[PDB]
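Step one of this worksheet: look at the structure below.
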Amino acid sequence: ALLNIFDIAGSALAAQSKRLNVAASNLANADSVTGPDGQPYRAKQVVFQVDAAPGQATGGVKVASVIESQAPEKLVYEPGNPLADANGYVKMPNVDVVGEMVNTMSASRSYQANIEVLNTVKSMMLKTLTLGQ
Amino acid sequence: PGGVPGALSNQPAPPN
Amino acid sequence: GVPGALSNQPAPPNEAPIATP
Amino acid sequence: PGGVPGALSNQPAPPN
Amino acid sequence: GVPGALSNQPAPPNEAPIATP
Amino acid sequence: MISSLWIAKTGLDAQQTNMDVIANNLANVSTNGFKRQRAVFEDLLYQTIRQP
Amino acid sequence: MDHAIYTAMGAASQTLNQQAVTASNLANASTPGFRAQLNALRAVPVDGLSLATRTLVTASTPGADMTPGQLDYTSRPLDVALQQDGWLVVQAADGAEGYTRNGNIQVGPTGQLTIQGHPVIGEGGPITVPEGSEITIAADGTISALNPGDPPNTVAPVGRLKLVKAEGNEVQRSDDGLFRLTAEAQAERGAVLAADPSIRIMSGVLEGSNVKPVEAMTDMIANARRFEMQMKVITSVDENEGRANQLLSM
Amino acid sequence: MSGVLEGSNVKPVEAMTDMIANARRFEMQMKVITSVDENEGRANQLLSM
Amino acid sequence: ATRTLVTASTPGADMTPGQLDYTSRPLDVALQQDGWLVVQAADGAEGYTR
């Protein structure tokens with residue numbers, strides 16, 4: 001069925017947009033020292049998984065949740081900082097800059113691929129309506 | 001069934 | 001509240017505070 | 001209703 | 001089977017060990 | 001703060017502090033009963049990314 | 001995408017990790033009794049079906065460099081330097097036993113010997129010196145204390161520093177910079193290292209850091225070139241996928 | 001202390017490092033902006049027919 | 001919640017003492033660390049300086 005392709009590709013587009021948004025947020029806040037609660041900015045990551053509940057193996061993509069990374073927060077020595085711990089260490093984000101740049105580019109590429117899939121399926125469905133004049 | 005789609009799942013890691 | 005669905009109630013107004021108070 | 005679109009609204013501002 | 005063909009069973013899990021046991 | 005522009009900045013600051021100590025020692029040569037200073041440095045916490 | 005970008009990206013990120021290790025080594029070029037960290041790339045091949053073409057790279061630190069360091073002559077009887085392959089023993093942060101090379105021994109007001117704030121360990125445990133007394137350290141670690149006011153005939157031994165022998169392959173740098181015995185080495189040599197009577201120390205000389213500058217420079221040059229190479233591969237892969245996406249049209 | 005004057009406490013190493021980080025952080029933001037702008041065009045073209 | 005913006009703030013100032021030059025002037029005065037001179041501000045208020 002070509003109609004379900006609309007839902008599949010729309011889900012893919014939304015998920016990749018969310019992934020690119022997470023990557024952009026990580027890139028922007030790579031040097032943030034604090035948040036509103038005084039906690040360091042932890043790198044965010046989306047969780048991709050299929051959505052084929054009505055008895056299928058393939059159904060597209062959906063973002064289950066956004067999770068903060070468990071890699072070690074970078075400790076910088078600064079004793080004058082109000083946020084420094086007992087040893088004088090301040091926690092800083094664990095953002096991987098090269099990783100987030102590659103994530104941005106890859107998300108853009110797969111987003112574009114899904115755009116092309118949607119356009120092709122729309123063209124095919126348009127051509128179908130002229131079956132036998 | 002899935003995980004982080006990108007850098008955090010395409011890098012070698014120690015086992016659990 | 002599944003994203004992309006339709007709900008009777010409007011979405012709550014989002015806020016981005018720089019300080020908790 | 002609505003306000004300034006674009007840069008001014010999608011920028012953090014002091015609460016008021 | 002040959003790459004790009006169709007099989008009846010899933011491919012085995014992909015793992016890259018940093019150091020072999 | 002790419003973790004390599006911070007680590008080298010820390011070293012630059014340490015060398016500048018050592019140079020300040022040396023300059024203070026040299027400027028106070030003619031003073032009476034002056035005890036020379038010596039700078040001592042220690043590396044900070046080592047961060048373990050992945051266990052052996 | 002083509003996951004070839006995820007190989008060059010890993011190679012570019014591990015290069016930044018290597019640069020962060022090298023810069024950390026360079027920052028400690030004046031730290032007394034410092035052991036430079038060794039950095040090395042290791043290739044891990046991804047196993048699976050069908051054609052093995054992907055081999056990722058990770059930065060690892062195979063121990064440290066034990067090459068004896070420089071000796072600065074400071075005319076101070078408390079600053080000692082160890083013979084090559086010899087370690088001083090101190091009490092670690094969590095009440096454990098750790099090894100070091102920093103001989104900058106300090107005397108507190110109460111009379112206890114410390115190194116970098118950690119208590120110094122002898123054969124009798126932590127060493128307590130008579131309060132406000134001159135200290136001389138022998139070649140084999142014996143400590144002589146002279147009480148001010150009393151004649152120099154009063155000089156008598158008090159305690160002996162614990163000096164141990166350990167190679168590079170046996171010790172591992174803990175997170176606080178203090179070396180400790182590795183698991184395999186600990187299982188064979190016991191929990192606590194017995195003092196070696198053959199270890200000699202020199203009083204009045206302080207050991208510096210063994211950070212080799214030429215190797216550091218060459219490493220930074222090579223790291224920059226490798227990072228640029230991976231960036232050129234990443235750009236090529238991205239450009240390839242951008243056109244390949246045109247196959248889905250019409 | 002009389003007869004001495006206190007100058008500024010601006011650290012040059014910190015300022016230079018901060019300026020380098022600022023420049024190379026902007027460039028990345030400009031790359032992300034360009035990527036999003038390029039992405040929006042094909043999404044807009046999706047609305048045809 | 002995927003969008004996290006960033007804003008640049010100035011958390012006070014740096015109070016590390018600066019360089020001290022020696023001008024043979026009896027009026028030039030320098031203060032010990034964490035010490036301030038007191039002046040009368042423009043708006044009739046009380047201000048502290050180094």
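Naming works like this for the structure tokens: A, B, ... for the chains as they're shown, residue 1 at the start of each chain, ligands 1 onward in shown order.
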Report the closest atom pair, with its distance in Å rounded to one decimal, for each residue of chain I that has an atom no farther than 8 Å from chain A; count only C-alpha atoms, sort by chain and then rising residue number, and write it as a tab-separated table.
residue	atom	partner	partner_atom	distance
I:1	CA	A:66	CA	7.5
I:2	CA	A:22	CA	5.3
I:3	CA	A:25	CA	5.8
I:4	CA	A:25	CA	5.4
I:5	CA	A:25	CA	6.7
I:6	CA	A:29	CA	6.0
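Any residue of chain G with an atom within 6 Å of chain A counts; using only C-alpha atoms, that gives residues 245, 248, 249 and 250 of chain G.
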Those same residues, written as a PDB file, in the first residue's frame with N, CA and C atoms?
ATOM      1  N   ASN G 245      21.671  10.414  -3.443  1.00  0.00           N
ATOM      2  CA  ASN G 245      20.268  10.548  -3.060  1.00  0.00           C
ATOM      3  C   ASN G 245      19.370  10.872  -4.251  1.00  0.00           C
ATOM      4  N   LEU G 248      16.536   8.323  -6.060  1.00  0.00           N
ATOM      5  CA  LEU G 248      15.169   8.096  -5.610  1.00  0.00           C
ATOM      6  C   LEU G 248      14.142   8.937  -6.358  1.00  0.00           C
ATOM      7  N   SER G 249      14.572   9.927  -7.136  1.00  0.00           N
ATOM      8  CA  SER G 249      13.639  10.827  -7.795  1.00  0.00           C
ATOM      9  C   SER G 249      12.912  10.122  -8.939  1.00  0.00           C
ATOM     10  N   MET G 250      11.811  10.736  -9.368  1.00  0.00           N
ATOM     11  CA  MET G 250      10.999  10.237 -10.477  1.00  0.00           C
ATOM     12  C   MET G 250      10.552   8.794 -10.256  1.00  0.00           C
TER      13      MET G 250
END
Would you mind reading off the distance between atom CA of residue I:47 and atom CA of residue I:34, one decimal, in Å?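 Computed distance, atom CA of residue I:47 to atom CA of residue I:34, equals 15.0 Å.
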Need to verify the contact set: stretch 5-21 of chain E, 9 Å, only C-alpha atoms, exclusion of same-chain residues closer than 2 positions in sequence. Can you return it as a list in words? residues 12, 13, 14 and 15 of chain B; 1, 2 and 3 of chain E; 42, 43, 44, 45, 46, 47, 48, 49, 55, 56 and 58 of chain G
Residues from last step as file, C-alpha atoms, as a PDB file, in the first residue's frame:
ATOM      1  CA  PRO B  12      34.012   1.043  19.939  1.00  0.00           C
ATOM      2  CA  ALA B  13      33.174   0.587  23.612  1.00  0.00           C
ATOM      3  CA  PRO B  14      34.203  -1.827  26.369  1.00  0.00           C
ATOM      4  CA  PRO B  15      31.707  -4.615  27.044  1.00  0.00           C
TER       5      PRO B  15
ATOM      6  CA  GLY E   1      24.541 -16.159   0.401  1.00  0.00           C
ATOM      7  CA  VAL E   2      26.056 -13.649  -2.017  1.00  0.00           C
ATOM      8  CA  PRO E   3      25.984  -9.999  -0.870  1.00  0.00           C
TER       9      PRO E   3
ATOM     10  CA  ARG G  42      44.773   0.607  18.070  1.00  0.00           C
ATOM     11  CA  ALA G  43      42.701  -0.818  15.226  1.00  0.00           C
ATOM     12  CA  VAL G  44      39.551  -2.813  15.992  1.00  0.00           C
ATOM     13  CA  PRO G  45      37.993  -4.638  13.012  1.00  0.00           C
ATOM     14  CA  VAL G  46      34.199  -4.884  12.982  1.00  0.00           C
ATOM     15  CA  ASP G  47      33.250  -8.558  12.703  1.00  0.00           C
ATOM     16  CA  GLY G  48      30.210  -9.590  10.698  1.00  0.00           C
ATOM     17  CA  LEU G  49      28.816 -10.503   7.306  1.00  0.00           C
ATOM     18  CA  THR G  55      38.247  -1.281  10.791  1.00  0.00           C
ATOM     19  CA  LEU G  56      37.754   1.483  13.345  1.00  0.00           C
ATOM     20  CA  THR G  58      40.602   3.951  19.142  1.00  0.00           C
TER      21      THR G  58
END
Write out as JSON, numbers by chain the residues lying within 12 Å of stretch 11-16 of chain H, counting only C-alpha atoms and excluding same-chain residues fewer than 6 positions away. {"F": [1, 5, 6, 7, 8, 9, 10, 11, 12, 13, 14, 15, 16, 17], "H": [22, 23], "I": [14, 15, 16, 17, 18, 19]}
Hey, can you spit out that residue selection with N, CA and C atoms as a PDB file, in the first residue's frame?
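Heads up, here's the output in selection.pdb:
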ATOM      1  N   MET F   1      37.924  25.424  25.224  1.00  0.00           N
ATOM      2  CA  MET F   1      37.598  24.226  26.030  1.00  0.00           C
ATOM      3  C   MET F   1      37.250  23.087  25.079  1.00  0.00           C
ATOM      4  N   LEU F   5      42.535  22.742  24.277  1.00  0.00           N
ATOM      5  CA  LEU F   5      42.820  24.191  24.357  1.00  0.00           C
ATOM      6  C   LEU F   5      42.729  24.558  25.833  1.00  0.00           C
ATOM      7  N   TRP F   6      42.102  23.712  26.650  1.00  0.00           N
ATOM      8  CA  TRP F   6      42.115  23.968  28.087  1.00  0.00           C
ATOM      9  C   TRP F   6      43.370  23.401  28.740  1.00  0.00           C
ATOM     10  N   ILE F   7      43.768  22.185  28.352  1.00  0.00           N
ATOM     11  CA  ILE F   7      44.956  21.573  28.930  1.00  0.00           C
ATOM     12  C   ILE F   7      46.209  22.382  28.631  1.00  0.00           C
ATOM     13  N   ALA F   8      46.366  22.868  27.401  1.00  0.00           N
ATOM     14  CA  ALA F   8      47.520  23.692  27.070  1.00  0.00           C
ATOM     15  C   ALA F   8      47.452  25.081  27.694  1.00  0.00           C
ATOM     16  N   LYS F   9      46.249  25.642  27.849  1.00  0.00           N
ATOM     17  CA  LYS F   9      46.108  26.902  28.571  1.00  0.00           C
ATOM     18  C   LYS F   9      46.565  26.756  30.015  1.00  0.00           C
ATOM     19  N   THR F  10      46.232  25.627  30.642  1.00  0.00           N
ATOM     20  CA  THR F  10      46.671  25.387  32.012  1.00  0.00           C
ATOM     21  C   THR F  10      48.192  25.361  32.109  1.00  0.00           C
ATOM     22  N   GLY F  11      48.858  24.711  31.155  1.00  0.00           N
ATOM     23  CA  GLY F  11      50.307  24.689  31.114  1.00  0.00           C
ATOM     24  C   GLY F  11      50.919  26.057  30.889  1.00  0.00           C
ATOM     25  N   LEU F  12      50.320  26.840  29.988  1.00  0.00           N
ATOM     26  CA  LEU F  12      50.782  28.210  29.778  1.00  0.00           C
ATOM     27  C   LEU F  12      50.682  29.025  31.060  1.00  0.00           C
ATOM     28  N   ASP F  13      49.560  28.902  31.773  1.00  0.00           N
ATOM     29  CA  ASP F  13      49.399  29.628  33.029  1.00  0.00           C
ATOM     30  C   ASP F  13      50.416  29.170  34.066  1.00  0.00           C
ATOM     31  N   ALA F  14      50.689  27.863  34.124  1.00  0.00           N
ATOM     32  CA  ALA F  14      51.682  27.362  35.070  1.00  0.00           C
ATOM     33  C   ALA F  14      53.068  27.919  34.768  1.00  0.00           C
ATOM     34  N   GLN F  15      53.450  27.948  33.488  1.00  0.00           N
ATOM     35  CA  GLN F  15      54.754  28.504  33.130  1.00  0.00           C
ATOM     36  C   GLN F  15      54.817  29.997  33.424  1.00  0.00           C
ATOM     37  N   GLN F  16      53.716  30.716  33.202  1.00  0.00           N
ATOM     38  CA  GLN F  16      53.691  32.138  33.540  1.00  0.00           C
ATOM     39  C   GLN F  16      53.851  32.351  35.040  1.00  0.00           C
ATOM     40  N   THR F  17      53.204  31.512  35.851  1.00  0.00           N
ATOM     41  CA  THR F  17      53.363  31.609  37.301  1.00  0.00           C
ATOM     42  C   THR F  17      54.803  31.329  37.717  1.00  0.00           C
TER      43      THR F  17
ATOM     44  N   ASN H  22      36.123  31.128  20.544  1.00  0.00           N
ATOM     45  CA  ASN H  22      34.954  31.838  20.040  1.00  0.00           C
ATOM     46  C   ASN H  22      34.874  31.764  18.522  1.00  0.00           C
ATOM     47  N   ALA H  23      35.994  32.025  17.863  1.00  0.00           N
ATOM     48  CA  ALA H  23      35.988  32.024  16.390  1.00  0.00           C
ATOM     49  C   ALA H  23      35.606  30.632  15.914  1.00  0.00           C
TER      50      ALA H  23
ATOM     51  N   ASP I  14      36.840  39.432  37.966  1.00  0.00           N
ATOM     52  CA  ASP I  14      38.023  38.741  38.459  1.00  0.00           C
ATOM     53  C   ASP I  14      38.760  39.646  39.436  1.00  0.00           C
ATOM     54  N   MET I  15      38.944  39.168  40.666  1.00  0.00           N
ATOM     55  CA  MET I  15      39.516  39.972  41.739  1.00  0.00           C
ATOM     56  C   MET I  15      40.964  39.607  42.040  1.00  0.00           C
ATOM     57  N   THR I  16      41.598  38.832  41.174  1.00  0.00           N
ATOM     58  CA  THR I  16      43.018  38.557  41.332  1.00  0.00           C
ATOM     59  C   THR I  16      43.795  39.865  41.241  1.00  0.00           C
ATOM     60  N   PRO I  17      44.692  40.150  42.184  1.00  0.00           N
ATOM     61  CA  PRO I  17      45.476  41.387  42.096  1.00  0.00           C
ATOM     62  C   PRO I  17      46.331  41.414  40.837  1.00  0.00           C
ATOM     63  N   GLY I  18      46.436  42.597  40.249  1.00  0.00           N
ATOM     64  CA  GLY I  18      47.182  42.807  39.028  1.00  0.00           C
ATOM     65  C   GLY I  18      48.636  43.130  39.290  1.00  0.00           C
ATOM     66  N   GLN I  19      49.262  43.659  38.244  1.00  0.00           N
ATOM     67  CA  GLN I  19      50.697  43.989  38.335  1.00  0.00           C
ATOM     68  C   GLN I  19      50.860  45.220  39.211  1.00  0.00           C
TER      69      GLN I  19
END
Quick one: chain B onto chain D, least squares on all Cα paired in order, result as a JSON list (two decimals) with N, CA, C and O atoms, in the first residue's frame?
[["chain", "number", "residue", "atom", "x", "y", "z"],
["B", 1, "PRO", "N", -1.42, 37.21, 21.19],
["B", 1, "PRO", "CA", -1.81, 36.39, 20.04],
["B", 1, "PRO", "C", -0.67, 36.21, 19.04],
["B", 1, "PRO", "O", -0.73, 35.33, 18.18],
["B", 2, "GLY", "N", 0.35, 37.05, 19.15],
["B", 2, "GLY", "CA", 1.48, 36.97, 18.25],
["B", 2, "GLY", "C", 2.54, 37.98, 18.65],
["B", 2, "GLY", "O", 2.37, 38.75, 19.60],
["B", 3, "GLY", "N", 3.62, 37.98, 17.89],
["B", 3, "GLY", "CA", 4.73, 38.86, 18.16],
["B", 3, "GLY", "C", 5.70, 38.90, 17.01],
["B", 3, "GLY", "O", 5.34, 38.61, 15.87],
["B", 4, "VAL", "N", 6.94, 39.27, 17.32],
["B", 4, "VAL", "CA", 7.98, 39.36, 16.30],
["B", 4, "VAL", "C", 8.32, 37.95, 15.82],
["B", 4, "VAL", "O", 8.75, 37.11, 16.62],
["B", 5, "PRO", "N", 8.13, 37.65, 14.54],
["B", 5, "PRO", "CA", 8.35, 36.29, 14.01],
["B", 5, "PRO", "C", 9.78, 36.01, 13.56],
["B", 5, "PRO", "O", 10.14, 36.08, 12.39],
["B", 6, "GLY", "N", 10.65, 35.70, 14.52],
["B", 6, "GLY", "CA", 12.03, 35.42, 14.17],
["B", 6, "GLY", "C", 13.02, 35.48, 15.32],
["B", 6, "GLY", "O", 12.82, 34.85, 16.36],
["B", 7, "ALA", "N", 14.10, 36.23, 15.11],
["B", 7, "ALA", "CA", 15.18, 36.36, 16.07],
["B", 7, "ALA", "C", 14.75, 36.94, 17.41],
["B", 7, "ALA", "O", 15.24, 36.49, 18.45],
["B", 8, "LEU", "N", 13.85, 37.91, 17.41],
["B", 8, "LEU", "CA", 13.52, 38.62, 18.64],
["B", 8, "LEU", "C", 12.51, 37.89, 19.50],
["B", 8, "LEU", "O", 12.14, 38.40, 20.57],
["B", 9, "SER", "N", 12.03, 36.72, 19.08],
["B", 9, "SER", "CA", 11.15, 35.91, 19.90],
["B", 9, "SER", "C", 11.66, 34.49, 20.10],
["B", 9, "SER", "O", 11.00, 33.70, 20.79],
["B", 10, "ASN", "N", 12.81, 34.13, 19.52],
["B", 10, "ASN", "CA", 13.40, 32.81, 19.70],
["B", 10, "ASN", "C", 14.73, 32.87, 20.45],
["B", 10, "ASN", "O", 15.54, 31.96, 20.34],
["B", 11, "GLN", "N", 14.95, 33.94, 21.22],
["B", 11, "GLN", "CA", 16.13, 34.08, 22.05],
["B", 11, "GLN", "C", 15.72, 34.20, 23.52],
["B", 11, "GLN", "O", 14.73, 34.87, 23.82],
["B", 12, "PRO", "N", 16.44, 33.55, 24.43],
["B", 12, "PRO", "CA", 16.07, 33.63, 25.85],
["B", 12, "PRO", "C", 16.15, 35.06, 26.36],
["B", 12, "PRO", "O", 17.03, 35.83, 25.98],
["B", 13, "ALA", "N", 15.21, 35.41, 27.23],
["B", 13, "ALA", "CA", 15.13, 36.75, 27.80],
["B", 13, "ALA", "C", 14.77, 36.66, 29.27],
["B", 13, "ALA", "O", 14.12, 35.69, 29.70],
["B", 14, "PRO", "N", 15.18, 37.64, 30.08],
["B", 14, "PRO", "CA", 14.76, 37.66, 31.47],
["B", 14, "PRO", "C", 13.27, 37.92, 31.57],
["B", 14, "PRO", "O", 12.66, 38.47, 30.65],
["B", 15, "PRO", "N", 12.63, 37.53, 32.68],
["B", 15, "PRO", "CA", 11.18, 37.65, 32.76],
["B", 15, "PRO", "C", 10.71, 39.06, 33.11],
["B", 15, "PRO", "O", 11.49, 39.91, 33.54],
["B", 16, "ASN", "N", 9.42, 39.29, 32.89],
["B", 16, "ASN", "CA", 8.82, 40.59, 33.14],
["B", 16, "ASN", "C", 7.92, 40.55, 34.36],
["B", 16, "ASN", "O", 7.76, 41.54, 35.06]]
Quick check, in Å to one decimal: how far apart do atom CA of residue I:9 and atom CA of residue A:38 lie? 13.8 Å
Check: which chain A residues lie within 10 Å of chain F using only C-alpha atoms, as a compact mmCIF listing (two decimals) with N, CA and C atoms, in the first residue's frame:
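Saved as selection-v8.txt:
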# COMPACT_ATOMS: atom_id res chain seq x y z
N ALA A 30 28.35 23.50 23.74
CA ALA A 30 29.56 22.74 24.00
C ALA A 30 30.44 23.38 25.06
N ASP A 31 30.25 24.67 25.34
CA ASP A 31 31.07 25.39 26.31
C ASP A 31 30.25 25.94 27.47
N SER A 32 29.03 25.45 27.66
CA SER A 32 28.18 25.93 28.74
C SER A 32 28.72 25.45 30.08
N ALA A 71 28.86 9.24 29.46
CA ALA A 71 30.25 9.44 29.45
C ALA A 71 30.65 10.51 30.48
N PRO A 72 31.90 10.46 30.86
CA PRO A 72 32.39 11.27 32.00
C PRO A 72 32.37 12.78 31.67
N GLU A 73 31.78 13.57 32.57
CA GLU A 73 31.80 15.02 32.37
C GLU A 73 33.23 15.51 32.54
N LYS A 74 33.63 16.43 31.68
CA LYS A 74 35.01 16.89 31.69
C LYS A 74 35.26 17.75 32.92
N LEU A 75 36.25 17.38 33.72
CA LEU A 75 36.57 18.13 34.93
C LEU A 75 37.67 19.14 34.62
N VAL A 76 37.40 20.41 34.91
CA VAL A 76 38.38 21.48 34.76
C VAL A 76 38.68 22.05 36.13
N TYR A 77 39.95 22.35 36.39
CA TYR A 77 40.33 22.88 37.69
C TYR A 77 40.05 24.37 37.74
N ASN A 87 37.16 19.58 45.78
CA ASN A 87 38.52 19.57 45.24
C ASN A 87 38.78 20.75 44.31
N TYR A 89 37.02 21.31 41.38
CA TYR A 89 36.81 20.88 40.01
C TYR A 89 35.40 21.23 39.55
N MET A 92 32.02 20.01 33.09
CA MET A 92 31.79 20.62 31.80
C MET A 92 31.26 19.57 30.84
N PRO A 93 30.52 19.98 29.81
CA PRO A 93 29.81 19.01 28.97
C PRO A 93 30.75 18.02 28.29
N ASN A 94 30.23 16.81 28.08
CA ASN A 94 30.94 15.74 27.39
C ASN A 94 30.62 15.69 25.90
N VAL A 95 30.34 16.85 25.30
CA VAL A 95 29.97 16.92 23.90
C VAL A 95 31.17 16.56 23.03
N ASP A 96 30.95 15.70 22.04
CA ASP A 96 31.95 15.37 21.03
C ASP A 96 31.66 16.22 19.80
N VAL A 97 32.52 17.21 19.55
CA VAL A 97 32.23 18.20 18.51
C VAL A 97 32.20 17.54 17.14
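Going from atom CA of residue A:78 over to atom CA of residue G:89, you cover 29.3 Å.
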Quick one: residues within 12 Å of residue I:28, only C-alpha atoms, excluding same-chain residues fewer than 3 positions away - as a list in words?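 So the residues in contact are residues 1, 2, 3, 4, 5, 6 and 7 of chain H; 20, 21, 22, 23, 24, 25, 31 and 50 of chain I.
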From the DSSP assignment of the backbone, select every residue of chain F that is alpha helix (DSSP H), and format the answer as a PyMOL selection string. chain F and resi 5-27
